[PDB]
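There are 2 protein chains.
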Amino acid sequence: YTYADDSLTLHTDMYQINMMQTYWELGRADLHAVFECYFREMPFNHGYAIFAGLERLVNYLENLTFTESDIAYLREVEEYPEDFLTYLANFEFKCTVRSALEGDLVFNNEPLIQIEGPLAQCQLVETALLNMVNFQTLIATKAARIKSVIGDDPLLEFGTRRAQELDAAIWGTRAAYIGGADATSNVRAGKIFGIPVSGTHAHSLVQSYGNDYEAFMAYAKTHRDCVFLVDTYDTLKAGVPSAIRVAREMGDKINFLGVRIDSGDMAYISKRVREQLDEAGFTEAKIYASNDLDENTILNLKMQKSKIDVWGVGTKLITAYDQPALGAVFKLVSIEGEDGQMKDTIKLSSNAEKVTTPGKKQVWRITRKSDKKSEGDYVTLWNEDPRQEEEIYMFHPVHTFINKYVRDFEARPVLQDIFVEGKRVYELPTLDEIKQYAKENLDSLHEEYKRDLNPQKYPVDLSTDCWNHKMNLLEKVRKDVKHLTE
Amino acid sequence: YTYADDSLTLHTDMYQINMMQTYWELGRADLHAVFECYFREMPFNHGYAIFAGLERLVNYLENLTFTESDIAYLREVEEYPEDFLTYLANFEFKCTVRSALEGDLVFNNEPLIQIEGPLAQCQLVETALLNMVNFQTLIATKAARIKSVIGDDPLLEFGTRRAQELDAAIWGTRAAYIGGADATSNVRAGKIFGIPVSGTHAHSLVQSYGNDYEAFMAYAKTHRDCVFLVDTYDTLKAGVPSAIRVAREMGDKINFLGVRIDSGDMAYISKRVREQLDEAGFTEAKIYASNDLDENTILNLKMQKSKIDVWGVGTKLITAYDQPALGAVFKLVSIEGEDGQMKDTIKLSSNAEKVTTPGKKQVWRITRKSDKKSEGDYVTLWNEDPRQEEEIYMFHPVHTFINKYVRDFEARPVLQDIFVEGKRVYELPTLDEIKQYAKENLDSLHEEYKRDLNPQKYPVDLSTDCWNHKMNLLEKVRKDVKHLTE
Ligand SMILES: [Cl-]
Ligand SMILES: [Cl-]
Ligand SMILES: [Cl-]
Ligand SMILES: [Cl-]
Ligand SMILES: [Cl-]
Ligand SMILES: [Cl-]
Ligand SMILES: [Cl-]
Ligand SMILES: [Cl-]
């Protein structure tokens, strides 16, 4: 009944494999197709998102082969025909893949990943790519949003124990680091990704002794960097005075980094703890806070003048608790016709704004040459290049009466070649290079788009040709449905 | 900087390893300890939860060794001392593990997993166990909640593309099957767990032809079991009439299972589609619905008399969207003292109901002998056995004036031995045996606890001894904090 978990290649919806069989049997498996990945709404109503997922998807695509167990399952249980199974057994990835790079700013209603190649191959990878990219982009963006209210204070990601299974913890904490976290608690993530790892002790150490002083002394005898968790019994009356006593007794034999509070009304507690430390002469000791924190509670605490220096965030960051899915989709936007020419494809819905934008596209980030001012993104059909134009017309695709002519601009294409016909041409950067790239992209975005409260809407505009092309196909399908009925 | 991902053993918080070092260096690593896992609030305000995670945690514990890369990272990057590293290098799991079984009903404020053994070893496994069990139990419970409003209609889990990374998709869909899903879309989950797999085609097949009739015929030529997705262009005007045409032309050469609708106002659309099918003579063809469904929208659709037969649920099930974390914790409840006897441990907080219940405990499910009526769970210290008692006193631990004397009962211990001193004594059941066990446990629960709307609160009561013991330790700690201040 069950087979070895030795492969990601069947980490896919059954729809995909059934469609692949249909194409293969009818000799259409090698029709040239273009698919694009995008999301429709800004996550958390944030002003921007931070792209993550590329390293993951690169590893997946470079190892995309059907194993013996994969094929045996499809044969023995699902009863797929032998002939199709030999096609799968000889499968090797031959699609072109273009993508935003990790740490790039991305927005809704623009392509983030584009896959072009044989129809059957494009179909196979959709599910896995969405599974990876949806989550990783969501968490990087949540981390940016939290780091934005914190400013230069450290943000520590401590949510492994509450994450949605193992991959979510390790890849989520990596995304958080890209987004704006400064360290993780997760040692494996440190090992395999090179993220800085932090954390001293938990309540169990203190309970193992039955008192704060002896546990803190035990920790201080065996470690140089000391942060004491003070709320096992009583923060103000037991924990903090015990911490102070240990720090005085040990002197320069430890680094007394500070104390951690993990409960209570943090604004009032942090103020009194700050006073106890300062009165004892420990004016450089820091206060670390954890416990159900997110951007909302952190902003409030800081606006209440809490005396918190370091923020540990777990559950609400690692699960993106208030919106735990980004909603990215993959759609067919162009397909080879019987005449061997590309035909742009559309899918309708009740919503006339939720209709797919057809055609193979590029996304151009427009910046003013003078002062690098963010002008927005400009989405074109593949054949247009705004670098070759003196002037472009940017209009809101719904509210078309909102518009500007833009001159003296630079235009950067966001989708970059990663694989050309299955062959990798992009060298993977180090995680620190990704984090720096995110920082530089954010530093370059105008403040109005970057704030957590009521950010302005970053323009994502379709070119006149792309927009007219969309409306023309929409009208043609509408007319065809009419002819069919009557 | 970075090492091979060959091990789960460092999938842990750094706190754990730092505490382990402290214990080891001070010769307390082998102190006998007891930890218990529990959650504090019912997920989704549901009447019960369904336990999942045991197979996963068993696999993890049976392979818990420090690899060469694990140790090299701890040495070269974190700079742990060689002596401690040799302890880790020779580590083998020697803890006793007791647990609810997968498919067991579980509730808040009772131990679900108990680990007993050397203090340092218990500390290592906490983080990973919570990461696995939190998620898996949450999704099984969400699936039960959704299946409860569906009744005998099939529930199909289709959320892989929106899940929080890969493990979440495969282990989440397994949990959903245990909970109440009837099939998955995820082929790998089918391969490695034996879950039934389902799904026909997506919009891309239809767009590849540019019309419904030709795509449906293509699918019908190459497959026997046909469900046609009808909403690419126009459900009522194009899709459904095309489906009907294909079904008439193919006759008994296919199984026309029905049509899928993935958009629009499903209540009105399903009624008209039902009429079109029936008027054409296809009174047995089913209507499949997908698109942002959960228990709330499904109950509403069914109460509006929607003509939907099969339900596909993705995002909201696989991510537990309205509450994406269960909130399970691990706490030290007893520790060996200097005299070699066990000392029960407590941790306080601002909340006097959020104080940990000390001691090694068992959970007894109480049922009336006559009619199997659910009387609740009865949590005792380890030394009590209600099977040996004619009468037990069950009282609400806060509202103590709510109480009953229970006689003529059966009492079943929920925590079962899985590992004895690191050695497995529990044979793992098949997934179908787990699903059946959940079904039988649910069939045995009284309807008042099982309904989705305002379920009654299932009693979880502490025995008189366990409750008095808790209050006595609380008072002692309170008195000790007083003596310390003044
Ligand atoms: Cl640290
Ligand atoms: Cl810490
Ligand atoms: Cl005070
Ligand atoms: Cl999609
Ligand atoms: Cl099916
Ligand atoms: Cl289907
Ligand atoms: Cl009609
Ligand atoms: Cl915990």
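So the protein lines, in turn, are chains D and S.
If you count the first sequence from 1, position 184 lands on 186 in the UniProt record's numbering, and the numbers rise without skipping.
If you count the second sequence from 1, position 401 lands on 403 in the UniProt record's numbering, and the numbers rise without skipping.
Quick reminder that beta carbons are idealized off the backbone N, C-alpha and C, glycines included.
Considering only the alpha carbon of each residue, which of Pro431/S, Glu297/S, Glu94/S and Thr162/S lies closest to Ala122/S? As a first step, residue 122/S must be located in the second sequence, where it is residue number 120. When each option's Cα is compared against that of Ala122/S, the closest is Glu94/S.
What does DSSP give as the partner residue(s) for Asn257/D in the beta ladder? As a first step, residue 257/D is located in the first sequence; it is residue number 255 there, counting from the start. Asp227/D, per the DSSP bridge assignment.
CB contact check: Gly342/D to chain S, cutoff 7 Å: For the purposes of this step, residue 342/D is taken as the residue at position 340 of the first sequence. With 7 Å as the cut-off, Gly342/D does not count as an interface residue toward chain S.
Which whole-angstrom value describes the C-beta separation of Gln325/D and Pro45/D, a residue pair presumed to lie in contact below a C-beta threshold of 8 Å? The residue you call residue 325/D lines up with position 323 of the first sequence. The residue you call residue 45/D lines up with position 43 of the first sequence. Confirmed, about 6 Å.
Count the C-beta pairs between the region 216-235 of chain S and the region 255-273 of chain S that are closer than 8 Å, then say yes if the count reaches three, no if not. yes
Where the alpha helix (DSSP H) containing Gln418/D begins and where it ends: Reading the first sequence from its first residue, position 416 is the one you call residue 418/D. Element bounds for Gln418/D: not the alpha helix (DSSP H) but the beta strand (DSSP E), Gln418 to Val422.
Report the rounded CA-to-CA distance for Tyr62/D versus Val189/S, giving the unit in angstroms. Indexing the first sequence from 1 puts residue 62/D at position 60. Indexing the second sequence from 1 puts residue 189/S at position 187. Taking the straight line from one Cα to the other gives about 16 Å.
For ligand 2, I want to know if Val229/D counts as a neighbour, meaning its beta carbon is within less than 6 Å of at least one of the ligand's heavy atoms. The residue labelled residue 229/D in the question sits at position 227 within the first sequence. Because some heavy atom of ligand 2 lies under 6 Å away, the Cβ of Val229/D counts as near it: yes.
Using a C-beta to C-beta distance shorter than 7 Å, which residues of chain D count as neighbours of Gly201/S? To locate residue 201/S, count along the second sequence from 1; it is residue 199. In chain order: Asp15, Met16, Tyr17 and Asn20.
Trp313/D - partner residues in DSSP beta bridges: Counting from 1 along the first sequence, the entry for residue 313/D is found at position 311. According to DSSP, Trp313/D bridges with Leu157/D and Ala291/D.
Exposed unless 16 or more other CB atoms sit within 10 angstroms - verdict on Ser210/S: Within the second sequence, residue 210/S is the residue found at index 208, counting from 1. It is buried - the Cβ of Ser210/S has at least 16 other Cβ atoms within 10 Å.
Using a C-beta cutoff of 7 Å, does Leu12/S count as contacting chain D? Residue 12/S sits at position 10 when you count from the first residue of the second sequence. Yes - at least one Cβ of chain D is within 7 Å of the one on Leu12/S.
For chain D, is any of its Cβ atoms less than 7 Å away from the one on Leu444/S? Along the second sequence, one-based indexing puts residue 444/S at 442. Not closer than 7 Å to any Cβ of chain D, the Cβ of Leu444/S fails to qualify, so no.
Suppose the cutoff is 8 Å on Cβ atoms and the five residues either side in sequence are ignored; what does the same chain contact list for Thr317/D look like? As a position in the first sequence, residue 317/D is number 315, starting the count at 1. Excluding positions up to five away in sequence, the list reads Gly161, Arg164, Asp294 and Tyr323.
Say whether the region 51-58 of chain D touches the region 355-364 of chain D, bearing in mind that this needs 3 or more beta-carbon pairs closer than 8 Å, one atom from each stretch. no
Complete runs of the beta strand (DSSP E) confined to the region 364-391 of chain S [at least 3 residues]: 376-383
Would a check of beta-carbon distances place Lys478/S closer than 7 Å to chain D? Working through the second sequence from its first residue, we reach residue 478/S at position 476. No - not a single Cβ of chain D is within 7 Å of the one on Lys478/S.
Can you determine whether any heavy atom of ligand 2 sits closer than 6 Å to the C-beta of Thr202/D, and answer yes or no? Numbered from 1 along the first sequence, position 200 holds the residue referred to as residue 202/D. Yes.
Chain D residues whose Cβ lies nearer than 7 Å to that of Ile115/S: Taking the first residue of the second sequence as position 1, residue 115/S is located at position 113. The contacting residues do not exist; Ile115/S stays about 13 Å from chain D at best.
Beta-carbon spacing of residue 519/S, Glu167/D below 7 Å: Since the first residue of chain S shown is 3 and the last is 488, residue 519/S is not available in this structure.
Taking the alpha carbon of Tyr5/S as the reference point, which residue from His401/D, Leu33/D, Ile194/D and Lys96/D has its own alpha carbon closest? Numbered from its first residue, the second sequence carries residue 5/S at position 3. It is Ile194/D.
Check whether the Cβ of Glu167/S lies closer than 7 Å to any Cβ atom in chain D. Taking the second sequence and counting its residues from 1, one reaches residue 167/S at position 165. Interface residue, yes.
Measuring only from the beta carbon, is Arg262/S closer than 6 Å to any heavy atom that is part of ligand 6? Taking the second sequence and counting its residues from 1, the one referred to as residue 262/S is at position 260. Yes - ligand 6 has a heavy atom lying nearer than 6 Å to the Cβ of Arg262/S.
Beta strand (DSSP E) containing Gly119/D: first to last residue? On the first sequence, position 117 is the one that residue 119/D refers to. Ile115 to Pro120 is the span of the beta strand (DSSP E), which, as asked, contains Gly119/D.
Mind listing which residues of the region 224-240 of chain D have their C-beta closer than 7 Å to chain S's C-betas, in chain order? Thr224, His225, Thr234, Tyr235, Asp236, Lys239 and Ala240
Quick one: residues in its chain with C-beta nearer than 6 Å to the C-beta of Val248/S, no 5 flanking neighbours on either side, listed in chain order? Numbered from its first residue, the second sequence carries residue 248/S at position 246. Closer than 6 Å at the Cβ level, and outside the excluded window around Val248/S, lie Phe218, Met219 and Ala222.
At the 7 Å Cβ level, is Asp264/D part of the contact set with chain S, yes or no? Position 262 of the first sequence, counted from the first residue, corresponds to residue 264/D. Not closer than 7 Å to any Cβ of chain S, the Cβ of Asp264/D fails to qualify, so no.
Nearest-angstrom Cα distance between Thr321/S and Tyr82/S? As a first step, residue 321/S is located in the second sequence; it is residue number 319 there, counting from the start. As a first step, residue 82/S is located in the second sequence; it is residue number 80 there, counting from the start. Computed Cα separation, rounded: 38 Å.
Which residues, in chain order, does the region 121-133 of chain D contribute to contact with chain S at a C-beta distance below 7 Å? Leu121, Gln125, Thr129, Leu132 and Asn133
Closer than 7 Å by C-beta to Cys124/S: which residues in its own chain qualify, once you throw out the five before and the five after it? Chain order, please. The sequence position of residue 124/S within the second sequence is 122, counting from 1. Once the five neighbours on either side are set aside, the close Cβ partners of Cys124/S are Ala35, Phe37, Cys97 and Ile117.
Does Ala31/D get closer than 7 Å to chain S when you measure Cβ to Cβ? For the purposes of this step, residue 31/D is taken as residue 29 along the first sequence, with counting starting at 1. No, its Cβ sits nowhere closer than 7 Å to a Cβ of chain S.
Report buried or exposed for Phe332/D, applying the criterion of at least 16 other Cβ atoms within 10 angstroms of its Cβ. In the first sequence, counting from the first residue as 1, residue 332/D sits at position 330. The residue in question, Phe332/D, is buried, as its Cβ has 16 or more Cβ neighbours within 10 Å.
Within the structure, which residues are defined as neighbours of ligand 4 by a Cβ-heavy atom distance below 5 Å, reported in chain order? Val331/D and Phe332/D
Using a cut-off of 9 Å between C-beta atoms, extract the partners of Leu295/D located in chain S. Numbered from 1 along the first sequence, position 293 holds the residue referred to as residue 295/D. Going along chain S, no residue has its Cβ under 9 Å from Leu295/D, so there is no contact; the nearest lies around 14 Å.
Pick out whichever of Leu475/D, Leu447/D, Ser150/D and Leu430/D has its Cα sitting closest to the Cα of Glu64/D. The residue given as residue 64/D occupies position 62 in the first sequence. The residue with the shortest Cα to Cα distance from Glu64/D is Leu430/D.
So if DSSP puts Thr186/S in a beta bridge, which residue, or which two residues, is it bridged to? Numbered from its first residue, the second sequence carries residue 186/S at position 184. Answer by DSSP bridge pairing, in chain order: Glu159/S and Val199/S.
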